[PDB]
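A.B. asks:
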Amino acid sequence: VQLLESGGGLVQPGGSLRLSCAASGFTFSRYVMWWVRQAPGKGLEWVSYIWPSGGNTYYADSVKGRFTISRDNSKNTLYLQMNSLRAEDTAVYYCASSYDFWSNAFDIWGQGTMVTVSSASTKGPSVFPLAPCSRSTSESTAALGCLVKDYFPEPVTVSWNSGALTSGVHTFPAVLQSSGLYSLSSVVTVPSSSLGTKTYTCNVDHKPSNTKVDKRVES
Amino acid sequence: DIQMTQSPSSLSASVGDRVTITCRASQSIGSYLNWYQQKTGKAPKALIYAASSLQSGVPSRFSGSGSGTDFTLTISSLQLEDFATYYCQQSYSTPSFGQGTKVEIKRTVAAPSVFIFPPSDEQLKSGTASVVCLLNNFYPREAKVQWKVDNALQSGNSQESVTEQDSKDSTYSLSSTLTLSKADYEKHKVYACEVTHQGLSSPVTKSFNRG
């Protein structure tokens, strides 16, 4: 049994997206299908559902008028046409169903698909060094890092010495700044005496842009 | 809709522990209550249906009960894979979920190592100044990280971010970033990061004077 989704992505407010959900492993045509969404760091809420035939459709009051749920039972696929998209429709979008029928639970869920509604546009990260220091040492350890700033959209990926350094490394979650651009830090705790002695270069890669940066942070 | 409320919003437990989450319905939903578990970056997974009926291949340690308004999920003996967020959900009427209960790994108190980083000269050149404060490898997750410029408490110009539990050593790390322009930056002098945590007997302050 598998619900496999696609169609999510980045969109300007007022824009449109169409999600798809390819079902397999069960007779899709017999089930009420759902769309459930989850805003980043929030709970779960139903968006729309549809009767097995596709003959009756129902909607949460937020999405009502703007979203259209549908299905093609010959293709085993479920769809959600999303119009007049707002910032507050940003979420992971799951398709789900009651595979048992009798359970009244969402037995099967899709892997998810991220829908981002933002007026900000695709920008690459300025990588700044967080240089090791005396206000950065405590005990033997000295901390150092990279401030990957003002990029859009997510994600960026960060590694140290091209993967040759993974011990003590803490890459933090991005914060959406009031500008609409993201920002994160990646830090590593190393011994004071290795600075340096050893070279520390953080490898930032942001794939929505065609931008890769190798900042050498030093004392 | 019927409003659902779980408690607690998070709990700390050790492998082997008997834990118990509760769930309340705003009105009677009979036996129409399901439990789900969700791990970071994964879709929810169905655990219990019909209040008390264990799903597909959910371990025997999971157990639901209650009918009407108040329900409880119980893990008889917590395992490492059980650390996750648990949601309840009424299936009496149109579906509505509880706000979630995060089950976290308990370990000993570990005070944070606090570090402060001035803005690079590379950044100052671009017209913006970011000061980073780093709280490293601490427990519990609860920490307060206040900024102060010339001893004046700051508001609305910093953002925090916490990692997930190290899983190795089950601690957290926290990065707070204070953003200013090159203006209020070049005009002020003492930049302090003041950290409150239960591993420290009093607030630790890391600071630097600009220049």
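Just so you know, the protein sequences line up as chains H and L, in that order.
For any residue, its number in the authors' numbering is found by taking its place in the first sequence, counting from 1, and adding 1.
Numbering follows the authors' numbering, in which position 168 of the second sequence is assigned residue number 168; successive positions increment by one, without gaps.
In this text, a Cβ means the ideal position worked out from N, Cα and C, and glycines have one as well.
Pairing CB atoms from the stretch 85–100 of chain L with CB atoms from the stretch 113–128 of chain L, are three or more of them under 8 Å?
C.D. replies: no
A.B. asks: If I follow the unbroken beta strand (DSSP E) through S176 (chain L), where does it start and stop?
C.D. replies: In the DSSP annotation of this structure, the continuous segment of the beta strand (DSSP E) that includes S176 (chain L) starts and ends at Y172 to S181.
A.B. asks: Once the 5 residues before and after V118 (chain H) are set aside, which same chain residues still bring their CB inside 7 Å of it?
C.D. replies: Here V118 (chain H) has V12, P14, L86, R87, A88, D90 and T91 as same chain residues with Cβ atoms under 7 Å from its own Cβ, once five neighbours each way along the sequence are excluded.
A.B. asks: Taking its Cβ as the centre, do 16 or more other Cβ atoms sit within 10 Å of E142 (chain L), making it buried, or is it exposed?
C.D. replies: Classification for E142 (chain L): exposed.
A.B. asks: Which of the three DSSP states, helix, strand or coil, is assigned to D184 (chain L)?
C.D. replies: Looking at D184 (chain L) - three-state DSSP - the assignment turns out to be helix.
A.B. asks: Going along chain L in order, which residues have a C-beta closer than 7 Å to the C-beta of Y95 (chain H)?
C.D. replies: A43
A.B. asks: Got a sec: which bits of the stretch 98–122 of chain H sit with their beta carbon under 8 Å from any beta carbon on chain L, in order along the chain?
C.D. replies: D101, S104, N105, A106, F107, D108, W110, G111, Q112 and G113
A.B. asks: Give the single residue among L:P140, L:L200 and L:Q154 whose Cα lies nearest to the Cα of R107 (chain L).
C.D. replies: Checked all of L:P140, L:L200 and L:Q154; the closest Cα to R107 (chain L) is L:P140.
A.B. asks: Could you give the distance in angstroms between the alpha-carbon of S122 (chain H) and the alpha-carbon of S180 (chain H)?
C.D. replies: 11 Å
A.B. asks: Opposite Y86 (chain L) in the DSSP bridges: which residues?
C.D. replies: L:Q37 and L:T101
A.B. asks: How long is the line joining the alpha carbons of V116 (chain H) and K213 (chain H), rounded to whole angstroms?
C.D. replies: If you take the alpha carbons of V116 (chain H) and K213 (chain H), they lie about 25 Å apart.
A.B. asks: Round the Cβ separation of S104 (chain H) and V33 (chain H) to the nearest angstrom and send it over; I've been treating them as touching at under 8 Å.
C.D. replies: Contact flag wrong, Cβ pair sits at about 12 Å.
A.B. asks: Check each candidate in L:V190, L:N34 and L:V19 and name the one with the smallest Cα separation from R61 (chain L).
C.D. replies: Comparing alpha-carbon positions, the option among L:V190, L:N34 and L:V19 lying closest to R61 (chain L) turns out to be L:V19.
A.B. asks: Please classify residue 1 (chain H) as buried or exposed, where buried requires at least 16 other C-beta atoms within 10 Å of its C-beta.
C.D. replies: Because chain H is modelled from 2 through 220, residue 1 (chain H) falls outside the range shown and cannot be assessed.
A.B. asks: Within the stretch 102–128 of chain L, note down every full alpha helix (DSSP H) run reaching 4 residues or more, in order along the chain.
C.D. replies: 121–126
A.B. asks: Report yes or no: is there a C-beta of chain L within less than 9 Å of the C-beta of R38 (chain H)?
C.D. replies: no
A.B. asks: Check for me: the beta strand (DSSP E) holding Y100 (chain H) runs from which residue to which?
C.D. replies: That residue, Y100 (chain H), is in no beta strand (DSSP E); it is neither H nor E in DSSP.
A.B. asks: For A92 (chain H) and chain L, any beta-carbon pair shorter than 9 Å?
C.D. replies: no
A.B. asks: Out of H:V218, H:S30, H:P209 and H:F68, point me to the one whose CA is closest to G55 (chain H)'s CA.
C.D. replies: H:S30
A.B. asks: Determine, using beta carbons only, whether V190 (chain L) and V204 (chain L) come nearer to each other than 9 Å.
C.D. replies: One thing to note: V190 (chain L) has its Cβ no nearer than 9 Å to the Cβ of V204 (chain L).
A.B. asks: Among L:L124, L:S167 and L:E164, which residue has its Cα nearest to the Cα of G211 (chain L)?
C.D. replies: Relative to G211 (chain L), the option among L:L124, L:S167 and L:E164 whose CA is nearest is L:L124.
A.B. asks: Counting only the same chain and skipping the five closest in sequence on each side, list residues whose C-beta sits under 8 Å from that of residue 217 (chain L).
C.D. replies: Past the edges of chain L, shown from 1 to 211, lies residue 217 (chain L), and the structure says nothing about it.
A.B. asks: Please specify which runs of the beta strand (DSSP E), each continuous and at least 3 residues long, are wholly inside the stretch 128–167 of chain H, giving them in chain order.
C.D. replies: 142–152 and 157–161
A.B. asks: Once you ignore the five residues that flank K65 (chain H) on each side, which residues in its own chain have a CB closer than 7 Å to its CB?
C.D. replies: none
A.B. asks: Taking the straight line between their C-alpha atoms, what separation do you get for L80 (chain L) and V15 (chain L)?
C.D. replies: So the two alpha carbons sit approximately 6 Å from each other.
A.B. asks: Name the residues in the stretch 118–129 of chain L whose C-beta lies less than 9 Å from a C-beta of chain H; which are they?
C.D. replies: Listed by position, the residues of the stretch 118–129 of chain L near chain H (Cβ gap below 9 Å) are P118, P119, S120, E122, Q123, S126 and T128.
A.B. asks: Tell me the start and end of each unbroken beta strand (DSSP E) in the stretch 18–46 of chain H that is at least 3 residues and wholly inside, in chain order.
C.D. replies: Counting only runs of 3 or more, we get 18–25 and 34–39.
A.B. asks: Since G44 (chain H) and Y87 (chain L) are thought to touch, with beta carbons under 8 Å apart, how far apart are those beta carbons, to the nearest angstrom?
C.D. replies: 7 Å
A.B. asks: In angstroms, rounded to a whole number, what distance separates the CA positions of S91 (chain L) and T179 (chain L)?
C.D. replies: When rounded, the distance between both Cα atoms is 46 Å.
A.B. asks: Rounded to the nearest angstrom, how far is the Cβ of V157 (chain H) from that of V205 (chain H), given a contact under 8 Å?
C.D. replies: 6 Å
A.B. asks: Can you find a CB in chain H that lies within less than 9 Å of the CB of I116 (chain L)?
C.D. replies: yes
A.B. asks: I believe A132 (chain H) touches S193 (chain H) by the beta-carbon criterion, under 8 Å. Please report the beta-carbon distance rounded to the nearest angstrom.
C.D. replies: Contact flag wrong, Cβ pair sits at about 13 Å.
A.B. asks: State yes or no: is the beta carbon of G57 (chain L) nearer than 9 Å to at least one beta carbon in chain H?
C.D. replies: no
A.B. asks: Rounded to whole angstroms, what's the CA-CA distance from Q3 (chain L) to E46 (chain H)? Just pull it up for me.
C.D. replies: 12 Å
A.B. asks: Helix, strand or coil: which one does DSSP assign to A88 (chain H)?
C.D. replies: Under the three-state reduction of DSSP output, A88 (chain H) falls in the helix class.
A.B. asks: Between the C-alpha atoms of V128 (chain H) and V149 (chain H), what's the straight-line distance to the nearest angstrom?
C.D. replies: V128 (chain H) and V149 (chain H) have their alpha carbons spaced roughly 4 Å apart.
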